[PDB]
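Here is how the chains run, residue by residue.
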Amino acid sequence: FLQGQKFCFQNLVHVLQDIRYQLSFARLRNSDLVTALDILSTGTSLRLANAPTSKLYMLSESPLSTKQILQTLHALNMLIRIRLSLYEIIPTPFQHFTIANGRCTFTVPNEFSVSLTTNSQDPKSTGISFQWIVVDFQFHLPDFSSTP
Amino acid sequence: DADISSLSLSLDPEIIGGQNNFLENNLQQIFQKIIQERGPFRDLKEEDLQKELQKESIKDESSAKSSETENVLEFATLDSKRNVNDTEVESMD
Amino acid sequence: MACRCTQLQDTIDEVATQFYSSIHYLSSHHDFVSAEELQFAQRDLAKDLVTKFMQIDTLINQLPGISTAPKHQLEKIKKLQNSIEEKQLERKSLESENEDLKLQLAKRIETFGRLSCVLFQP
Amino acid sequence: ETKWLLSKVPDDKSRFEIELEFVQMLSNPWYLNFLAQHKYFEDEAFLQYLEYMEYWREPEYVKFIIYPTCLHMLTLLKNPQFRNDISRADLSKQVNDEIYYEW
Amino acid sequence: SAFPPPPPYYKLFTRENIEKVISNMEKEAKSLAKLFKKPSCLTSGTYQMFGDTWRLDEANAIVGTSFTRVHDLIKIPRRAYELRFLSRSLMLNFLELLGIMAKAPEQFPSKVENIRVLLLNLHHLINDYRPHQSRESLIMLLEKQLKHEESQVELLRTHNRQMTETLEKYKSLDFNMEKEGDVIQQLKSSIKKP
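Residues numbered from 1 in each chain as written, not as in the entry; some residues may be left out. Chains lettered and ligands numbered in written order. Part of a larger assembly, values for the part shown. Heavy atoms only, no water. Residues with missing side-chain atoms left out of burial classes, pairs and counts.

(A) Spotlight on the overall build of chain A. Helices and strands together make up the secondary structure of chain A, namely 4 helices and 4 strands. Along the first, second and third principal axes, the C-alpha atoms of chain A reach 85 × 35 × 30 Å. Summarising the internal contacts of chain A: among those between residues at least 6 apart in sequence, 44% fall at separations of at least 24. (Helix = DSSP H or I, 4+ residues; strand = E, 2+ residues; numbered from the N terminus. Contact = heavy atoms within 4.5 Å.)

Structure representation (structure tokens):
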């Protein structure tokens with residue numbers, strides 16, 4: 001009411017939106033929040049900061065790290081073999097081993113590795129070894145095998 | 001009460017409630033930082049296991065370094081930010 | 001939901017204009033008018049405008065905190081902290097008592113699952 | 001200490017007043033487009049953008065009235081290196097006023 | 001607006017002046033830094049109810065009785081029956097206007113001023129009770145958080161014993177492998193069989 005009214009003397013936008021009373025109700029919510037604590041994380045969140053258009057455009061950085069990635073490995077570590085516990089069909093001669101990537105080595109011929117990049121929660125029927133990607137191809141051919 | 005700290009998740013319950021798992025959400029994120037695709041990542045599994053050890057061992061053993069605080073330290077990033085413009089990334093295709 | 005009281009403004013402040021819109025019906029339409037139909041419009045002016053106000057009274061009955069004891073309500077919230085906040089440590093402790101072992105046990109399943117493959121490819 | 005004396009037009013009332021008084025201005029959808037001139041952007045202007053972060057903290061944030069400026073702070077917080085807060089954002093930002101204000 | 005609205009403080013924002021802080025803070029181990037220090041702040045106006053008190057003076061009839069309510073029984077009948085009486089009286093006041101209007105409409109339109117005085121007896125008490133709604137809503141949410149807590153019971157309690165028994169079932173001894181011990185034993189439990 002003090003300096004803020006002086007701020008209202010400018011271009012009268014701040015508050016570029018037509019809404020204004022909602023901010024006052026939010027102030028009442030703040031006075032209600034004075035009795036709170038814990039927690040500070042609940043402060044602006046009670047007003048839902050940056051939720052007005054988070055669903056909209058934006059871009060956002062937010063680094064993805066670190067051990068969270070390991071958890072994903074465990075997911076695959078559980079997931080792939082389950083798909084193999086199900087379907088499968090077939091394609092032997094293979095030797096499945098779910099460690100980070102689904103391994104598929106050969107004898108004289110070559111090794112291959114696999115990992116899906118779509119979705120995880122869809123096995124069983126209509127989950128017959130569907131999504132996959134080649135991860136590398138380090139062939140073990142006895143005559144040539146340097147693999148540039 | 002402390003439960004209010006979780007209320008944002010309740011606020012999330014009214015919305016998208018976190019995108020969570022997705023192809024890009026793990027893989028495209030993996031393209032950032034470590035490593036070079038899942039190929040480097042595969043051998044980076046055990047390296048990540050070692051990273052959990054001694055790299056995480058340094059829980060606390062240093063000066064408070066409060067002199068850098070606070071908004072000034074926030075202003076310190078501006079050098080790297082202005083330096084970031086020089087990247088001119090990337091492929092010409 | 002909350003702030004039912006604001007709705008009362010719609011039942012009053014908005015309704016108050018209706019008495020003003022009614023003014024034309026009581027005079028001006030009688031000139032260049034059939035006309036008896038206007039009387040029906042008058043009847044609702046004599047009726048509905050009252051009834052919603054009566055509804056407001058029911059809305060008064062519906063107003064939350066009928067006990068009207070906020071000082072006690074905050075104490076109720078104190079009991080709510082006495083419950084919830086003590087629950088939090090337990091409910092958080094649960095996952096630690098759970099998945100921390102469940103992962104490893106699942107790995108123990110993983111071992112047998114792997115050794116099944118030996119039988120699968122003798 | 002000479003720099004404070006050098007701040008003739010500057011210095012001013014400073015404090016809680018003028019800072020928030022400027023922070024409120026970002027909400028205007030074209031105003032960010034105006035920030036694409038010389039008044040301030042990625043230059044030394046960024047020093048202001050980074051300095052203000054303490055306002056997100058409790059008590060100081062209690063003083064904040066309209067969320068929209070803080071959401072603009074989220075915009076600069078978004079990849080300011082690119083169109084999220086540098087090439088940003090044409091008149092399209094006004095469309096956000098047509099939706100977020102509704103709820 | 002400001003004069004001009006862009007900040008003039010950028011000149012003070014030079015990075016080397018921040019570098020001064022490293023020197024000045026240790027300078028007194030046993031000047032311009034204040035410029036980088038966090039700003040002073042006004043109240044700036046915590047007062048609010050006083051405007052409502054002025055609204056009481058803005059005329060406040062039965063609203064004073066509503067103040068009397070500010071100590072079923074208790075204040076409830078005062079906020080109920082008397083308010084209903086204010087509503088019925090509010091209906092009675094229309095006859096001050098439209099009830100006699102065509103006959104010299106001078107004082108009669110001004111009779112509505114009494115009604116606008118009665119508005120002080122109405123919505124203002126609603127505003128008086130308005131903060132209490134925040135209490136009711138906060139209480140409304142506070143056990144909802146308890147419900148989000150309940151979901152963990154809704155799932156983990158199920159995962160527990162099931163995981164344990166399934167370990168005890170076909171897995172039986174899931175520790176039976178004992179890592180390396182499960183190597184040759186995989187033959188001893190199978191290839192040895194005949």
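(B) Main features of the sheet that holds strand β3 (residues 111–114) of chain A. Taken in spatial order, the 4 strands make up an open sheet running β1-β2-β3-β4 (chain A), and their pairing is antiparallel. Two strands bound the open sheet, and with one partner strand each, they are β1 (98–99) and β4 (134–136) of chain A. (Pairing = 2+ DSSP bridges.)

(C) Here's a closer look at the pairing of β3(A). Residues and elements named next belong to chain A. Direction of pairing for strand β2 (residues 101–105) relative to β3: antiparallel, over a ladder of 4 bridges. Paired with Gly102 across the bridge in β3 is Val114. As consecutive antiparallel partners, β2 and β3 are separated by 5 residues. Pairing geometry for β3 and β4, over 2 bridges, is antiparallel. Residue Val114 lies in a different strand from β4, and its bridge partner there is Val134.

(D) Seen up close, the arrangement of the chains. Once contacts are tallied for each of the 8 pairs of chains in contact, the highest total is for chains A and B. At the C-alpha level, the nearest point of chain B lies 6 Å from chain C, with no contact between them. Chain C shows no contact with chain D. Their nearest C-alpha atoms sit 15 Å apart.

(E) Molecular detail of the interface of chain B and chain A. Each partner contributes to the interface: chain B provides 17 residues, whereas chain A provides 13 residues. If you tally residues by element for the side of chain B that touches chain A, the top one is helix α3 (residues 38–51) of chain B, at 6 residues. Residue composition of the side of chain B that touches chain A, grouped by class: 6 nonpolar, 4 polar and 7 charged. (Nonpolar A, V, L, I, M, F, W, Y, C, P; charged D, E, K, R; others polar.)

(F) Seen up close, the environment of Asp122(A). Residue and element names in this part refer to chain A. If you trace the backbone, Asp122 turns up in the loop between β3 and β4. For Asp122 and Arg83, which are 39 residues apart along the polypeptide, the C-alpha to C-alpha distance reads 9.0 Å. Contacts of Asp122, omitting those with residues within four sequence positions, involve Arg83, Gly127 and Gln131. Within polar-contact distance, the side chain of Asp122 engages the side chain of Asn119 at 2.8 Å. (Polar contact = N/O pair within 3.5 Å; in protein donor to acceptor, adjacent residues only side chain to side chain.)

(G) How the structure looks around the side chain of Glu111(A). All names here are of chain A. Structurally, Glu111 is set in strand β3. Only 3.1 Å separates the side chain of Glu111 from the side chain of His140, close enough to count as a polar contact. Setting aside its immediate chain neighbours within four residues, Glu111 contacts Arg103, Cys104, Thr105, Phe106, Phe137, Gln138, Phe139 and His140.

(H) A look at the packing of aromatic side chains. Measuring from centroid to centroid gives 5.7 Å for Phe137(A) and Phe139(A), while their planes differ by 40 degrees, and the two rings are tilted. The rings of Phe137(A), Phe139(A) and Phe144(A) are connected pair by pair, giving a single aromatic cluster. (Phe/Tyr/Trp six-rings, centres within 6.5 Å; stacked < 30°, edge-to-face > 60°.)

(I) Region of interest: unusual backbone geometry. Note that the residue after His14(A), namely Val15(A), is joined by a cis bond; omega there is 10 degrees. Its place among the elements puts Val15(A) in the loop between α1 (3–7) and α2 (21–33). One non-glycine residue with positive phi stands out, namely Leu48(A), at about 55 degrees. Along the chain, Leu48(A) falls in the loop between α3 (41–46) and α4 (68–86). Of note, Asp12(D) is a non-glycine position whose phi angle comes to about 55 degrees, a positive value.

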